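**Q** Quick one: the structure is below, and I'll ask about it shortly.
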Amino acid sequence: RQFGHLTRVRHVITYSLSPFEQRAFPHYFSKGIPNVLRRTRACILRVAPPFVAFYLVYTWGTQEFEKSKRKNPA
Amino acid sequence: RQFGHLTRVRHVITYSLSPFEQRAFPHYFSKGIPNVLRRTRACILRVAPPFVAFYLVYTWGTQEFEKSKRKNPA
Amino acid sequence: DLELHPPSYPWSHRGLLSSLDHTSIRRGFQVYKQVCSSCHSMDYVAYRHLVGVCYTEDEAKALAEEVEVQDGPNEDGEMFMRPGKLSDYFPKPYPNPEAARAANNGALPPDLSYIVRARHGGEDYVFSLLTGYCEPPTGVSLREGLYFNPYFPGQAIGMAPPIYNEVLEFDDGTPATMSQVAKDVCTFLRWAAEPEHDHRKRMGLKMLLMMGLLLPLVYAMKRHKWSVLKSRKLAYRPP
Amino acid sequence: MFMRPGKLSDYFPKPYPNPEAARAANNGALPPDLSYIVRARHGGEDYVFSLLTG
Amino acid sequence: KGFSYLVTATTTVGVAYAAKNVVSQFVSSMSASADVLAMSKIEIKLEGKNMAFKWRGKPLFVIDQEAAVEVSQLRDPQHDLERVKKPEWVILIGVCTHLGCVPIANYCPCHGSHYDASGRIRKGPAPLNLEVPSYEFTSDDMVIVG
Amino acid sequence: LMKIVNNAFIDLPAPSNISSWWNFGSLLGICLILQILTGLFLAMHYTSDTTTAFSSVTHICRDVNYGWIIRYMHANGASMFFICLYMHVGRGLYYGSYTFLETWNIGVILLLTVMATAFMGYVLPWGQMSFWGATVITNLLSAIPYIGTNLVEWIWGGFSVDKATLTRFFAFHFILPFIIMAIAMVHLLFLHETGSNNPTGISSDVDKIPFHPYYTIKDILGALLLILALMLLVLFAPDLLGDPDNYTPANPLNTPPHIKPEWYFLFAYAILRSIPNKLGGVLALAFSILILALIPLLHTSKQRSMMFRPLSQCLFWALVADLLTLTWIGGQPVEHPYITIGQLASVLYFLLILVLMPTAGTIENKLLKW
Amino acid sequence: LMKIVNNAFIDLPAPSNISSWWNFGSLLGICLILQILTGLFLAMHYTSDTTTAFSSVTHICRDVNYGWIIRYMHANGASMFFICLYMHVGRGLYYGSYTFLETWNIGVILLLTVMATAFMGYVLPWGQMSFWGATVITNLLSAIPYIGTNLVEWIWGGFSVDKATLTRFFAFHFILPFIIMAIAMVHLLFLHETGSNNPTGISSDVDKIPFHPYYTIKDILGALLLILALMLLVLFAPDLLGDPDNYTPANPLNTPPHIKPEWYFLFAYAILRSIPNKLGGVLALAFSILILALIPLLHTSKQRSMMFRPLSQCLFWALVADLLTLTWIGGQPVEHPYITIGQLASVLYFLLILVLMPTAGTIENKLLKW
Amino acid sequence: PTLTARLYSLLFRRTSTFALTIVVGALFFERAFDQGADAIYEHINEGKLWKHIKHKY
Ligand code: HEC
Ligand code: HEC
Ligand code: HEM
Ligand code: HEM
Ligand code: HEM
Ligand code: HEM
Ligand SMILES: Cc1nc(CO)c(-c2ccc(Oc3cccc(OC(F)(F)F)c3)cc2)c(O)c1Cl
Ligand SMILES: Cc1nc(CO)c(-c2ccc(Oc3cccc(OC(F)(F)F)c3)cc2)c(O)c1Cl
């Protein structure tokens, strides 16, 4: 497979520029970092909470393990 | 590459038969063995004579090697 | 100056389906023990390889119980000796080659494990080696320890004559002559360098009676298909 | 075989010929080698230091 | 059509024969060699010590109070003299029954499974008493473990 | 002229919306070559015999001119291998690539090839975990009836691991990566009939582009971070992942207190360890992997991706936790606080795959009327 | 679907006038697989260390269940390999196949790959000819100025062959046949753009036919005779070709009187041995092989074959003699009766190729007016 | 009908049967060919093999 018989396009226009005629990293700090946040807010809720719970079962799993080795009053 | 666009043929006819309708080894002894000879006479002259000469240089090479180890009268 | 080619002796096993007279292997092993094993470090064999060939389990195991073997770190932190078992290889005569050279005239016995296949002619050489000790010829002088035998290269060997007529006596009681010894030993050594001779010929035989039987049938199945085109007439019928 | 003064190419003179004699020359226990003990023991140096000084 | 195809079969017959053997030739190479087998069955062994010696690349761990323990109480009901043949010669394969480790005599360390002088379990993640091999006594100073 | 095949690698049509995730799909081409390249020079000095092997490792780590590196570029390199996989495998789940049914199944056989290779690669040097790590894993096949004792003895060349069982691996192990090197080419061939599979899930045929300028350098950039995050380990912390015990010589008459194979089994080892039964836990293990072949018969949503399925996102990353749990829970010993977690977590693994991920699309189809 | 590539091996067009010579071109596919298959199981027990290697061979020849076979199916199998080559290579000369310039050059690099492989394959077991056979061949590169002593020391890992130089081969040797397994596929790829090259030399496109029924079984028939003429050696005469000395352990302080590498070098070894000079004989050796790349620039006749060139037939089989001479003359020691032959025969080798085979077509073109 | 034609229409016609036939014949063929060569090999090497000297010891 290759270019030439993939599929159909009609009445679409493309505007593209050389790289030499433009900076490589325009608005890297300005527009990116707000876009990092918006990128972040849209994933954080359904990514962490499992890993959040993991921090607790890595927490309680060791604490409850430590106690079991300490003697009892008997 | 495959069958279909190799080259051109015009006005040629092919006659071919099943195997089941014929013996596998017809005239194996009758026509073959004369054909072995005719096959043989057409190669023997320009195949052997080097190998013939080899039999002589495998011959003289050992005999002349054997003598050289035997002492001289001195 | 010259080599010497041993002849093409017959044997009980020279044929392309001729196996070894295992009886002849039996007495040959006695020879290695009474005679050779004082100086020949055969290391690549054990008594357990003798089972199912010349001796039985018990009879061979008796021979490991005979000789002592160095084995084991004691809990005291030392090593000791025990009677051999089957899994132990042959008791090596000497701990290293040098002591063998010092216990001889500087020369070293080669092992006999693979000597037969490692020496041109093998058995015929080795047989005709022992049975080729002769008085030296005219003009030849030889140092101390050495002896004369033509087959060995250089015709000068540090080999004390190991065999002589009735140097020992065998079990069944055959004539312990210098020849009959030399057969059973040379018959033995081939087995050492070939524990597969018996089975080599079996698949040695099973092969042909398949391939000799198959190879035509294939040669028919070949000719069964090609016969379309071994038998084809053509033509040329233009206008 | 004999003895000679060591050279550079020779490894450290081993104390005992085998482990068993080391167990017999102790109360049945065996000194482990120290070649890779540090990386073979959790904590390594801190362990080993605090072992002797504990 | 019968005669020709008969050739095709009888060919395929012999193909399987040569194939069934040759394949098993290699597969017997992957199997245990001859040297290992001679060290398999034989172990010519010879009071108050933890005798543990290598055998088949595995350990060989070798009565007044031992019989006092109740067999019904045990996780695996099995008496001492059922396990042994002589009372004063304990034998077992030193395999902690849980997950294949080396117990220590006078005890599965990786899971802390308490064992008797005889090797029977008293406290265990270990379900069974330890495996006993089949063996034989030629004399009272030698053993044939196997 | 055969260069024209590298239409596949030069003038290929591929999307433009592509993340840096798919670099991971390419690094294995580097890791596979990088590992063999290292391991080859490495194995010019290794010895397939017991008495000399562990020395034959230290023959490298000490005496060889820069031979000490090659052990660790190889070893930890074998771990950066997996770190790409378990981001590369989790990918197609989260972007719906398993639909390429002819390809995903190949993605299994590569894995099982490795998880039986890397195993062989840990045992060569006799690190006192080599032996028992060889024993624990290999003994499980004894669980089978009527053949278990026969195969394991057959692969133990006898009755337990010994000199023969080493050498039976060093040849089985120095060979398979080539079988991976070949099958990898197959893994790309079935792809080339369809090309990649965007994060959206849509046929981006309208917006396919070349490969020589764009994804090449990106792959190099991907490769550059790899070497970086591989040099750090070897240079600054080679003792990190590999358990310390592997420097001890091996002795069948002394086990360590705690045993674990290398860290990466642990998502799967723990699953077996949870089940107190022997056999019935094994078939969970093999099913813990081959389940990936069972997924494409469980694609419910008439969408493909999970970018556009926020509910399944909540369940996907959840699975990542359970793995990151089972990665660790197996790494710790057998005691009551943790066993209660393995009985849950291992069930959660099977549960999230076979019940709820279908159930999401069964719903999400209905929230949007198809 | 990738099966469609086996249009190459199923529905391929190929001639109908085909001898049993071209079976030899196919057997290497079997020999290459057959050798690896054997050698793999073989190398489950080999050891890459000196003290144990020769024992580690006998560990097979004695104790292993049918391990003794695998040494000889492998070893003599490596010789039936060459017997196909030096009928397969002499072919294209006698049928004019070297004209496929993209292919014949590949036919070199396979050979040099092997003649540096098989060499490594003889030295593994330390047969007292291994060592010196390693020394004699390897030392020649010292003939070079200003780098000879450096490379040979570099490949000797020091100053002469030792434990390290063994292990540097067992990995270089257990790998290359795969590189042959790959390059072999290339060797067929350039072919598939043109197909075979009949004995006549004519484009038989008009009479090309399938491959699945016809040449398949023929190849099997070809293969069947191979196994036959390989079982005979192993079963009935394994000691035949391999020199007997190779069962002796190796010792640098004792040479045999006569030295020769394995029989198949001897056409080339003798060429060096003829020249009393060191270096100037070496470059004849490498040129004794690479000359095959020089042939296609010496195809004079506007015909192709030699079936239709009776004069060149008289010169072709003549070359076969000189090889069969140089195969033997090198196999015998250095004495006056034979040295006079090597100075001739080695010159005859270069002479028949570079003067007279062109000269025939220069004539035969003129006997028939072009 | 000859044996051949009776053999065809029973076995060699249906390919499912044609494979069933071959393993059957091979399974029995293994039982004969071994016995043959093992006896011929025994016969030609009479008085040499272990089983011929298996009673004395
Ligand atoms: C005196 C101790 C001793 C005895 C007993 C002994 N050997 Fe030797 N053997 C040696 C020594 C020493 C050599 C060294 C020969 C040499 O250096 O060429 C040797 C050499 C050999 C060789 C090597 C042949 C060769 O080409 O070098 C063979 C074979 C051999 N003996 C077989 C035997 C046989 C058979 C017997 C019993 C008939 C035997 N040996 C008894 C010590 C002995
Ligand atoms: C008395 C002889 C002897 C002396 C002297 C000796 N060692 Fe030990 N070493 C032993 C023995 C015996 C053990 C066995 C410890 C055990 O079994 O747990 C051992 C154990 C060790 C261990 C193993 C730690 C572990 O986890 O088992 C280390 C590390 C060690 N010694 C370091 C040293 C250092 C450092 C010194 C000098 C300060 C030293 N040894 C001096 C005999 C000795
Ligand atoms: C995906 C492929 C492979 C994996 C997963 C793998 C796995 C491993 C691992 C984890 C080690 C750790 C040993 C250590 O750190 O001490 C190792 C060592 C080793 N690898 Fe492999 N390996 C692979 C392929 C190879 C290859 C391709 C070679 C040779 C070309 C090789 C040869 C060796 C040798 C000889 C050792 C012993 C060195 C040592 O133990 O440190 N392996 N392998
Ligand atoms: C050495 C092992 C492997 C190599 C060399 C390899 C190579 C590749 C490469 C280069 C790609 C294209 C890049 C990409 O699509 O992201 C790819 C894609 C893919 N791989 Fe891997 N891979 C390996 C292992 C695996 C494994 C273990 C799986 C497990 C399922 C897998 C499944 C896939 C799938 C499904 C794709 C689909 C591509 C797409 O969705 O566009 N591969 N592989
Ligand atoms: C074209 C490829 C190869 C050639 C020409 C070659 C050459 C040889 C030869 C001539 C021997 C004879 C040793 C003897 O007879 O005692 C040998 C032995 C050996 N071959 Fe190779 N070999 C090849 C490939 C391989 C392969 C593919 C393997 C493993 C898969 C291998 C592993 C070995 C080993 C370990 C030995 C030592 C056994 C012995 O010396 O008998 N070789 N090789
Ligand atoms: C492992 C090594 C090799 C393999 C697997 C191999 C395989 C093949 C095969 C299958 C063919 C097609 C059969 C035929 O055309 O007769 C072929 C053809 C050919 N091979 Fe080999 N070959 C090998 C080595 C060589 C070598 C050393 C040469 C040296 C010149 C060579 C030169 C050729 C040529 C010129 C052809 C032309 C085919 C024709 O004239 O129709 N090959 N090769
Ligand atoms: C979309 C996409 N597609 C492809 C191929 O279609 C690739 C891709 C490109 C080049 C490839 O070639 C390589 C390069 C190095 C090692 C490699 O392993 C090998 F060679 F098979 F072992 C393959 C392999 C895959 C890719 O990196 C991406 Cl992102
Ligand atoms: C004319 C002609 N052409 C071809 C291929 O075009 C072949 C031919 C057919 C099939 C082949 O496939 C094979 C079979 C076994 C090993 C092999 O090697 C390897 F290792 F797989 F690369 C190739 C290789 C060559 C042939 O036998 C003849 Cl006679």
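Heads up, chain F uses Swiss-Prot numbers, so what you see runs 10-379.
Using N, Cα and C of the backbone, Cβ positions are placed for all residues, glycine too.
Residues or ranges marked as transmembrane segment by Swiss-Prot: F:33-53, F:77-98, F:113-133, F:178-198, F:226-246, F:288-308, F:320-340, F:347-367. The feature heme b b562 binding site is assigned by Swiss-Prot to F:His83, F:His182. Under the heading heme b b566 binding site, Swiss-Prot lists F:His97, F:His196. The ubiquinone binding site annotation in Swiss-Prot covers F:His201, and the record cites experimental evidence as its basis.
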**Q** Within a 10 Å radius around the Cβ, which one of these binding-site residues has the most neighbouring Cβ atoms: F:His83, F:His201?
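**A** Result of the Cβ crowding comparison: F:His83.
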**Q** Based on Cα distances to the residue listed as 'ubiquinone binding site', point out the closest of the binding-site residues F:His83, F:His97, F:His182.
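**A** Nearest candidate: F:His97.
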**Q** Round to the nearest Å and give the CA-to-CA distance linking F:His97 (heme b b566 binding site) with F:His182 (heme b b562 binding site).
**A** 24
**Q** Short question: most Cβ pairs under 8 Å with the transmembrane segment (F:33-53), which of F:113-133, F:226-246, F:288-308, F:347-367?
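**A** Ranked by Cβ pairs under 8 Å, first place goes to F:226-246.
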**Q** Sorry to bug you, but what's the C-alpha spacing from F:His83 (heme b b562 binding site) to F:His196 (heme b b566 binding site), rounded to the closest Å?
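**A** Taking the Cα atoms only, F:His196 (heme b b566 binding site) lies 24 Å from F:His83 (heme b b562 binding site).
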**Q** Using a cut-off of under 8 Å between C-beta atoms, tell me which stretch among F:77-98, F:113-133, F:226-246, F:288-308, F:347-367 contacts the transmembrane segment (F:178-198) the most.
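**A** Per the Cβ count, the answer is F:113-133.
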**Q** Around the Cβ of F:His182 (heme b b562 binding site), how many other Cβ atoms lie within 10 Å? Please give the count over every shown protein chain.
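**A** I get 20 for this one.
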**Q** Once the chains shown are all counted, how many other Cβ atoms turn up within 10 Å of the Cβ of F:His97 (heme b b566 binding site)?
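**A** Its Cβ has 20 other Cβ atoms within 10 Å.
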**Q** Are the transmembrane segment (F:77-98) and the transmembrane segment (F:226-246) near each other by the rule of at least 3 C-beta pairs under 8 angstroms (pairs 6 or more apart)?
**A** yes
**Q** In the same chain, who gets a Cβ under 8 Å from the transmembrane segment (F:347-367) while lying at least 6 residues past its ends?
**A** 279-280, 282-284, 293, 296-297, 300, 303-304, 307, 309, 321, 324-325, 327-328, 331-332, 334-335, 338-339, 341
**Q** For a quick check of packing: other C-beta atoms within 10 Å of the C-beta of F:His196 (heme b b566 binding site), how many?
**A** 20
**Q** Applying an 8 Å Cβ threshold (strictly under) against chain A, tell me which of the binding-site residues F:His83, F:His97, F:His182, F:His196 fall inside, in sequence order.
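**A** From F:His83, F:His97, F:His182, F:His196, flagged as close to A: nothing.
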